[PDB]
Amino acid sequence: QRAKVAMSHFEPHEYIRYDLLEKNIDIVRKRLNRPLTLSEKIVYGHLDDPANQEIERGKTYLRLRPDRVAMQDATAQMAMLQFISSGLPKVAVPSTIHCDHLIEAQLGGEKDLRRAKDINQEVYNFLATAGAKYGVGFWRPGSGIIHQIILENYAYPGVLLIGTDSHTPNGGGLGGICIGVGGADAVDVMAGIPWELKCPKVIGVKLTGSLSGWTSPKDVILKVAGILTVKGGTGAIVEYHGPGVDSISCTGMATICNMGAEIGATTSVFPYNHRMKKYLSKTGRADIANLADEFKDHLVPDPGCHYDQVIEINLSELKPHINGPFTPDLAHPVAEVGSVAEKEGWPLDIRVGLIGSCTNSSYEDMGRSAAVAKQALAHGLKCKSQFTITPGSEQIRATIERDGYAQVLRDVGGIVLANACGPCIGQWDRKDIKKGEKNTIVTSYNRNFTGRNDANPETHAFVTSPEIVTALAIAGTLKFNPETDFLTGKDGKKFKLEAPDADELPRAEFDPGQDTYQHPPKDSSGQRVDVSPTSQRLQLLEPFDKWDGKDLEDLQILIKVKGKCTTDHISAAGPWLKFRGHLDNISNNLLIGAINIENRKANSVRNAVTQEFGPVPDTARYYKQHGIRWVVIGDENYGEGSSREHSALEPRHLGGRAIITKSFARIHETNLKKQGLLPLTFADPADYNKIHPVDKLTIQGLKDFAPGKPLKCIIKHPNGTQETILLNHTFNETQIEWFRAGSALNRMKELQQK
Ligand SMILES: O=C(O)CC(CC(=O)O)C(=O)O
Ligand code: SF4
């Protein structure tokens, strides 16, 4: 470039390329002859061949070059084990590993971490030395949660970042296009080969007005989530625009983008503006803010760019919301959730109140919660509900501890957890309830699908802002309304809660903390990575079978799934995180949470030759060692949720060939294709009704598998009738080669020596 500004402090030699962004935007701009949205500018500004790339929203697969890769320790293991199989020497773009997903909440900060490190020394150590070996930066356990370390250190306007986590859109709060992927997408960028992405549509949400009172940034995506729903954002990027943008802070902007993962959006982004400039300078990146100020026409939407749908939200009419209890999109004003709870049969007294995580743990957030705590304490009140605080990073723990917020929150009775996901992915030894107990918990997180936080199917979880969680945790009931209601203080007087006031960023600078990162040594030409051969924690990958050149006749249906089938139903979290680097060990959780349309139950499918009902994993393995290839049949938005590539490897390992659904979620469908399976959707969703557990399917036409050509499937019913349906797919000729080779990885390897 002519400028020479580093990407971050951890890669001083790797410089931001806005000259390249601008050359490619301008190449593109002139083929297209129209105004581009901001996400078109950053996405198309990162094409590997802008002159030849065919660009059609919701139609072409864009071939991109991401700037940096970020991995999280529950998905970095499989990501690094597949990278280890590419055979490549070192990674090709800046990459980092963050250790946040294997630390369980039990006693508090310090104690839960010493136990995580003892318990997990094998995995942490594989990650650290594979880091030292292949050049990936390593954030040491307890250092923070990946989306917070990224926003505070690695995100900047104009970055195209990919992370092995669904909540990676968090970065859009700093004007970057940060998309979540499975580990095999991460090894493509890391291997140096172009990454593909189906050209997104752009939903535009225009923000008008200013935020007030109890209303936070969190509210804007709770309202939008309710407006679009879980199915609403699939295939698009939500771009936020309007006067109202400058009324939100950078970390508030990151809250909104972060929760956009729950409506199925490819990512979410906000335009470079002064709030982001400010945060850049307060997080030690004044120079990124200054460089960006000179490339500002490339970091805002063009005038009159076109959104395929526009949603208009008035921040000034907006008022506090609590979403749930079993999806992020049943939206409620905080004002009404009391009544709905009693009309509906929802536990009214709030059991545990949880604030924090990477969605709501900025200094601003911690401060507004403390500004509510400070008033209850000022009337000798304390938390009527159990209360936990999770800092998203060591830097946020260190700075809020120092500016006093952390003690305020201990004084109303909160317990500060380790700077790790903890109860947000379900990594929580909860004890106040009995299992099966019916109870209500309120968090400031994002996802509140079933059993996500404690695996108690009957726990009713609502998500809202940290300030409303504190206010409702002192109250101990969903019946309470902060805005309106009075509290009886220790002294017998009533008073009400003042809407919090708080500094957006520290008056002072931010305390980084001690000893959070391990640099890769460009030194250790002799760094060695060893997976002990008999480890129950880690296992080297073994190449999947290449395709047989034949059609898939007489496939047995392992399970026909009724309803919602999220990646937590396919590959559960909680206790299976322990085996996230061991494929034949986590495979014993294949589809145990899914509902079998035959008997309305989970984990009891009927074995075809023994005619006895039992676990799905077992039955699949049965089929496998008997030579039975099988298929999974699903309903809408299959593979919905978390990025877990183990939802695609695990059917591949137990002998699955195809998953035929009415619709797939984005990240799950890339992962099926990457692992050599067939993701197929019905060309008519009414055909899901022609297929029964007992039918055998033949998928025909693999021989002349073509982009756009649909596949013909013959349904063979027990009485000798058969039916023929058509099945569509989104395989381009790049993905058909992954199919052929048996996985994308087997293909990757054919491009060297075969
Ligand atoms: O149906 C598809 O082709 C994929 C989906 C999600 C995506 O990859 O963006 C879509 O195009 O809507
Ligand atoms: S599990 Fe929760 S805290 Fe962790 S990265 Fe995901 S949204 Fe953030």
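Every residue, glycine among them, receives a Cβ derived from its backbone with ideal geometry; neighbour counts consider all protein chains shown. Values quoted throughout were computed directly from the atomic coordinates according to the rules given, and no laboratory measurement underlies them.
Here are some notes:
- Gap separating the Cα centres of region 610-636 and region 428-444, nearest whole Å: 33
- Largest-first principal axis extents of the Cα set of region 316-490 (Å): 43, 36, 34
- Sorted largest first, the principal axis extents computed over the alpha-carbon atoms of region 654-735 equal 40, 25, 25 Å.
- Using only the C-alpha atoms, the convex hull of region 534-754 corresponds to 125 Å³ per residue.
- Efficiency of FRET from Cβ geometry, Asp584 and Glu553, R₀ 25 Å, rounded to 0.05: 0.40
- Length added when fully stretched, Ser212-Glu110, from 0.36 nm per residue minus Cα-Cα: 33.1 nm
- Distribution of pairwise C-alpha distances over region 203-315, 10 Å bins, in %: 14, 45, 33, 8
- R0 of 25 Å, Cβ-Cβ distance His717-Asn599: FRET efficiency to nearest 0.05: 0.80
- For region 282-343, alpha-carbon Rg relative to the globular expectation (2.2 N^0.38 Å, N residues): 1.89
- Placing a label point 7 Å from the Cα of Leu348 along the Cα-to-Cβ direction, the residues of region 475-495 with a backbone N closer than 18 Å are 475-488.
- Three semi-axes describe the equivalent ellipsoid of region 419-461; taken as square roots of 5 times the Cα gyration tensor eigenvalues and ordered largest first, they are 16, 12, 8 Å.
- Dipole magnitude for region 203-315: computed about the Cα centre from +1 point charges on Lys and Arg Cβ and -1 point charges on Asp and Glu Cβ, it is near 380 debye.
- At least 24 Å along the helix axis (C-alpha) and Kyte average at least 1.6, DSSP helices within the chain: none
- Alpha-carbon centroids, region 247-304 and region 664-740: separation in whole Å: 41
- Of all DSSP beta bridges confined to the chain, the antiparallel ones make up roughly 40%.
- Distant alpha-carbon pairs in region 1-152 (separation over 20 angstrom), percent: 61
- Between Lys431 and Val310, the modelled labels are 5.6 nm apart [label points 7 Å from Cα along Cα→Cβ].
- Radius of gyration over Kirkwood radius for region 1-68, both on Cα atoms: the Rg/Rh ratio is 1.02.
- Förster radius 25 Å - calculated FRET efficiency between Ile227 and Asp501 (Cβ-Cβ, nearest 0.05): 0.30
- Placing +1 on the Cβ of every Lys and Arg and -1 on the Cβ of every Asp and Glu, with no other charges, gives the chain a dipole of roughly 880 debye about its Cα centre.
- Figure legend: label point modelled 7 angstrom from the Cα of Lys690 along Cα→Cβ; residues of region 638-659 with amide N under 18 Å from it are 659.
- Full extension of the chain between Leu330 and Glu56 gives 95.3 nm of extra length, using 0.36 nm per residue less the Cα-Cα distance.
- Per residue of the chain, the DSSP helices (runs of n ≥ 4 H) give a summed -39500 (n - 2.57) that works out to -8500 deg cm²/dmol at 222 nm.
- Near-label residues of region 150-193 by backbone N, under 15 Å of a point 7 Å along Cα→Cβ of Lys296: 157
- Net lengthening on full extension, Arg34/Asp287 (0.36 nm per residue, minus Cα-Cα): 87.9 nm
- Compactness of the chain as Cα Rg over 2.2 N^0.38 Å, two decimals: 0.93
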